[PDB]
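Chemist: Would you be able to build a 3D model of this:
(chains A, B, C and D)
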Amino acid sequence: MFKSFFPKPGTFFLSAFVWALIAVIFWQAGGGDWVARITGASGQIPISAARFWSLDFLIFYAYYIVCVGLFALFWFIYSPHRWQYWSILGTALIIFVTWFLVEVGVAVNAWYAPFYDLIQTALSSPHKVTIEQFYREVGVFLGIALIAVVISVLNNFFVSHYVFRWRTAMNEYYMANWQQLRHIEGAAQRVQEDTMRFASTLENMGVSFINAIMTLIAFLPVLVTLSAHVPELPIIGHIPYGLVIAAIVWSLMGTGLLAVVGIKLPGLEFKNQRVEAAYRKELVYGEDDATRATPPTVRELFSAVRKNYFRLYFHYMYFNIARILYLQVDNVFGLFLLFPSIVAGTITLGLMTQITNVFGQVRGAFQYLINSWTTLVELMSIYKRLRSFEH
Amino acid sequence: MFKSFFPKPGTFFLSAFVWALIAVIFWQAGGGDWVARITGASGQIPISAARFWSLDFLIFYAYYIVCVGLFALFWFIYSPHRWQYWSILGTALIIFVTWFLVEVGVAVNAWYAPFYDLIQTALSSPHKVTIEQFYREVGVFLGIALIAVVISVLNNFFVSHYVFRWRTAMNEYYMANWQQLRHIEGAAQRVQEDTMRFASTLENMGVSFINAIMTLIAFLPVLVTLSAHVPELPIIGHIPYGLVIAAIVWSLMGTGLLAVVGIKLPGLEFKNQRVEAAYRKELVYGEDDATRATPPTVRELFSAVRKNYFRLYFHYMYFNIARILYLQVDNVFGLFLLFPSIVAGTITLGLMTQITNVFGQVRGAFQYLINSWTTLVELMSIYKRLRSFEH
Amino acid sequence: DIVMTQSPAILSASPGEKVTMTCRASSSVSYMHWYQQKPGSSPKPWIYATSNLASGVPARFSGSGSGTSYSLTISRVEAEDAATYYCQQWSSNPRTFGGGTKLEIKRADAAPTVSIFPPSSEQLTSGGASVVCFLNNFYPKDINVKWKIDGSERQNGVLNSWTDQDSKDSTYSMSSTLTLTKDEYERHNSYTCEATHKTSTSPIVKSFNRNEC
Amino acid sequence: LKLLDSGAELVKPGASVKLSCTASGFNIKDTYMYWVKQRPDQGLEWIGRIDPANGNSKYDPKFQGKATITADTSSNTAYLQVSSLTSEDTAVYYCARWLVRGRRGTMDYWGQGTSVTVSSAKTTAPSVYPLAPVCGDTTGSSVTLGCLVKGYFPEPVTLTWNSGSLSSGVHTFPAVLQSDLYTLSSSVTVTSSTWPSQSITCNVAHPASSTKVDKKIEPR
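Modeler: Numbering: from 1, shown residues only, chains lettered A, B, ... in the order given. Please find the structure below.
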């Protein structure tokens, strides 16, 4: 958020947010989809990899380009810079690619149903199927996986170059003022390390947080529209939205409890670090002297470090128990909610698999945020270090 | 393998190896199973968690305890020590527990088949099953998972305590001769760090290597005995052991080929670290003296570090492509080999799942070996450091 | 169950005309097959999945249709296509057949040839008399037979049996049998079978007397 | 291809019976083998099917608990068992084969059928008689002869002319039932010159009671 790259930490970000809000609430709720009425938009979506050329996606690509164009060009004219192209357009491109990969995942999850319906029919009545249909299905799956691979590789390349450009920008800015910053202690380590650390950490946390929110906003409507075939739950009975509530509660409980039961560990890690450092320092003093290192004092220091490791080893068992127990129950819990519907003969093998996969992905979309928090802590430490060390 | 812990660095390990070989080729190949003829060993093994009390297991427990007891008593009497209890019996116990966990995994994999056969029966004919049968199956699965959890947690506890005992033993031994070791540079950081590093690293490598061999030797005969239901492969035609060859080639090719195609990266990482270190040192000299750092030299050093990063950023693409493509195709390769067999009416829904799971575990057993090698080189560096730093 | 209705239930044609039958379902199938059952023999497919003519059958058969409406067509019928046709659906695990549509072949009129046969000596020794008269090669199917004993219409103890339509010249045939005891047989003298048909209005009469032989 | 069925069967109300269908010319591991029932009202009814490769069988719900279908994968054969026979189970049973894996040729082949007569009456032996023309009517260009069989149970009776030497101009009518006794006839037509210049005889075979009779026609 410095002054060199990303023009300002003030009006720029606020303007970005306001323009994003206007665009979003013009599209979704306000219904800009009436452009689809002007054009000959079909309104239906295929299943193969031929989806990403249909008018429904191409209209959105055009709209995104237009919005980003207006926002970027206002800032290009209003207040020039040096790294404006990277700072604006690289961030826009990274956001777009993250959304695209989420859409690819949705496409595959939708493809899982016809295949397993076909396999069930092949197992039950073998005179209705021929092997060419299996070959065709495998063909379409490869058709999706190819574009997934290509986009992923190119995205990794671009992200790495973007990070390095941020680093070189603020390195150049600092070295422009090296003469007046010499005296502040520990300047070399600052300029040589904290730049990369700060840039990489911030970019990683931002990307992960965006990706988690996008996954939730893409995969909740699928459960809402797929819970129509599961009216009755094994113990509760009848509840209007049983699947959605149960999925949210299970995933949230799992992740949140595993997080809260193990909040005390970092303090114990720090205590171990400090005691080990004290032992090291005393040995260093006693090295070249014949009196500093003496059996009683080194014995006391080692007793401290031993007695203080044993506490961490004792506490870690609760975390181990919670983690392993949840990891083992989750294997069959996702299928435990579907027993009365399997018995009554309502869902076919092919909607069991969609449902299981959606459970897995929504559970994996609650794990990004907890990592985002841990990355934020590391970010804040370096932020205070780099803000104190500027006059 | 030091002189303090582990009674001797010489005859001890060789004697352990020879006696292990004698016991193994007396039991398995030499037919010690005749002992089961004295007792009433039926030879049939249940699927529930009551498996671990049948005489076919209990004889094995007796045999292991007898062998280890005799071997340990010989050494206890021949050449006494101080950490004999830990050094002998802790190691024997860790080996046993690793074997036990592998057996639990085998039991669950054997459980997968009846469950999915029951689900298929339920889906094909809506009047044949009720819910109580599904509850029974879930019950037996929980029965197994309980003991898996308990053993895993206690094993982690004991391993950590044993490693710390190794560290305290050899730290005591070194400090027993501190006076003569005072002058050698870097004695303090050695005594404070290398001891823990060596102990932890060597223990981890040993356990991982043993566990990999055990998984392979436990899971290949299941593939051999299950390859009777897949006579024809989609492209080849007819091979006596098509499944075993296909699984071995697929997993080996994946892991080994990814390891080979990404062999050249660590040297590039060395180059990056060296050029960054040069930058740092030059800035450190420039900190106090006003004639050291001048824009010429700092420009040159930054040019070098940038040019040396871009090479890594460009080579990373081969590895990314290979990894992502393999990961995507793997989702359906295991299912691609079973089209003609499903059509021909040989395997049910429940021998698809066992085959997929066994493929996965055999693939995962080829992963520990490259972890073992990677840990071994690290261990070699520290071994030579602790050897040279001793007279 | 998928109930399947076939029309028309009885049909006719002449050598050279074109013939169609319809087999309409009660829900979508996509799996329809067509059979043929001649008299006294097992069935035999023609049309598999409604279009694919099976192994070599005369090329005048053809099937068509999709959804829930199917037709079988015969281009130029012959004298060898007098049989009964079914239609099987396949897309469940009950499998339901059709009702069948007997096909006929038209031809020029013919007159029945009548013969009368008295009981033999072994019948006389057995204790019961039986007189049988045959009616051969008449078209169409409708015909009636009458019994006369000394001019008296005798109506009880009559048995009639018909063949099926022939597969070479499209004719029919009747066998009529009348059984009595010796005591009733020897009390009368003259016996007569009479045939009434569409071709002529004069009942064809055959008779004999016991005393003559 | 060939499918051989069993023979005709007569059962008493209450007994159970097993029918067999043996397949020669192919491998029953590549097909279905279902069974179809046809009552005297010629409409056809579907009983059940079996998949010999693994053993999954399926039934019409109306027939469930009344019939059982099995296959012998070792030597090509299929069996069906009917239990608790009543008087409404008089019909003809056809086996068939349907190609599922290995699709070429005709996709459906039917057997021949085995009548299953359920009855309580007792078996009997036939009465065969010849027929000769009336006196003096040999002035026509062609004359007919008849062979009549009466008073037997159960079906079927095999009637042939001159041990199969003559098969032209012959009519054989279906047999009818009356008071638990069966009756049928057969008529042959020949030229006036042929007879009595040559021997003409009808052969009657009734395997159910193991009877074989030969009758030669003589002028009056």
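
Chemist: in chain C, what residue is nearest chain A?
Modeler: Here the residue of chain C nearest chain A is residue C:93; by CB to the nearest CB that distance is 7.5 Å. The way it works is simple: take the backbone N, C-alpha and C, and place the C-beta from them, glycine included.

Chemist: quick one, helices of the stretch 1-150 of chain A?
Modeler: Along the stretch 1-150 of chain A, counting by DSSP state H, counting those that start in this stretch, helices occupy A:11-27, A:35-38, A:55-78, A:84-85, A:91-124, A:131-175.

Chemist: Let me know which of those helices is the nearest to chain B.
Modeler: For chain B, the closest of the helices of the stretch 1-150 of chain A is helix A:131-175, at 4.3 Å, according to CB to the nearest CB.

Chemist: I'd like to know how far the closest residue to residue A:349 other than its chain neighbours sits from residue C:30.
Modeler: Nearest residue to residue A:349, sequence neighbours excluded (CB to CB, 6 or more residues apart in numbering or on different chains): residue A:120, at 4.5 Å. As judged by CB to CB, to the nearest Å, residue A:120 and residue C:30 stand 18 Å apart.

Chemist: Kindly report the same for residue C:203.
Modeler: Separation of residue C:203 from residue C:30 (CB to CB) stands at 57 Å.

Chemist: which ones are touching the residue in the stretch 1-150 of chain A that chain D sits nearest to?
Modeler: Nearest to chain D, among the residues of the stretch 1-150 of chain A, is residue A:127, at 4.6 Å (CB to the nearest CB). Each residue near residue A:127 by CB atoms under 8 Å, 6 or more residues apart in numbering or on different chains is listed here: D:32, D:98, D:100.

Chemist: which of those has the most neighbours?
Modeler: residue D:32 (22 neighbours; other CB atoms under 10 Å in any protein chain shown).

Chemist: Output the longest helix along chain C as CSV, nothing but the C-alphas.
Modeler: Secondary structure assigned by DSSP state H gives helix C:121-126 as the longest helix of chain C. This file holds the C-alpha atoms of helix C:121-126, laid out as CSV (Å, rounded to 0.1, in the frame of the first residue of the first chain):
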residue,chain,number,x,y,z
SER,C,121,-66.2,-103.4,-39.1
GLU,C,122,-64.0,-102.9,-36.1
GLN,C,123,-66.3,-100.1,-35.0
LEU,C,124,-69.2,-102.5,-35.3
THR,C,125,-67.3,-105.0,-33.1
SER,C,126,-66.5,-102.1,-30.7
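
Chemist: and residue 65, how many neighbours?
Modeler: Just going to use chain A. So residue A:65, with other CB under 10 Å, has 12 neighbours.

Chemist: wrong chain, I was asking about chain D
Modeler: Neighbours of residue D:65 (other CB under 10 Å): 10.

Chemist: show me what contacts whichever residue of chain D sits closest to chain B?
Modeler: At 4.1 Å from chain B, residue D:53 is the closest residue in chain D, using CB to the nearest CB. Counting by CB under 8 Å, 6+ apart, residue D:53 touches B:344-346, D:29-30, D:73.

Chemist: Out of those, which end up buried?
Modeler: Buried members of the contacts of residue D:53, scored by 16 or more other CB atoms under 10 Å in any protein chain shown, are B:344-346, D:29-30.

Chemist: now, which of those residues sits nearest residue C:191?
Modeler: residue D:30 (63.6 Å; CB to CB).

Chemist: ok so, going back, quick check: which of the buried ones among the contacts of residue D:53 are also close to chain A?
Modeler: residue B:345 (CB under 8 Å from any CB of the partner chain).

Chemist: In a markdown table, list the buried ones among the contacts of residue D:53 along with distance to residue C:99 and secondary structure.
Modeler: Converted to a markdown table, these look like this (distance: CB to CB, whole Å; DSSP: H, G, I helix; E, B strand; the rest coil):
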| residue | distance to residue C:99 | secondary structure |
| --- | --- | --- |
| B:344 | 37 | helix |
| B:345 | 34 | coil |
| B:346 | 40 | coil |
| D:29 | 35 | helix |
| D:30 | 32 | helix |
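
Chemist: which pair in the buried ones among the contacts of residue D:53 spans the largest distance?
Modeler: Farthest-apart pair in those is B:346 and D:30; separation 12.6 Å (CB to CB).

Chemist: what about the closest residue to the residue of chain C closest to chain A other than its chain neighbours, which SS state?
Modeler: Take residue C:93 and drop its neighbours on the chain: the residue closest to it by CB to CB, 6+ apart is residue D:58, 4.8 Å away. Under DSSP: H, G, I helix; E, B strand; the rest coil, residue D:58 falls in the strand class.

Chemist: What segments of chain C are helices?
Modeler: Ranges of helices within chain C are C:121-126, C:182-185, based on DSSP H.

Chemist: Give me the buried positions along the first one.
Modeler: Neighbour-count burial for helix C:121-126 flags C:123, C:126 (criterion: 16+ other CB under 10 Å).

Chemist: end-to-end on stretch D:82-97?
Modeler: Terminal residues of stretch D:82-97 lie 20 Å apart, using CA to CA, to the nearest Å.

Chemist: Pick the one among the contacts of residue D:53 closest to residue B:291.
Modeler: Closest approach between these and residue B:291, by CB to CB: residue B:346, at 83.8 Å.

Chemist: OK, contacts around the closest one?
Modeler: Here residue B:346 is in contact with B:229-231, D:53-54 (CB under 8 Å, 6+ apart).

Chemist: ok, residue A:161 to residue B:309 distance?
Modeler: Distance of residue A:161 to residue B:309, computed by CB to CB: 10 Å.

Chemist: Among the two, which residue is more densely surrounded?
Modeler: Neighbours per residue, other CB under 10 Å: of residue A:161 and residue B:309, the larger number sits with residue B:309, 19 against 13.
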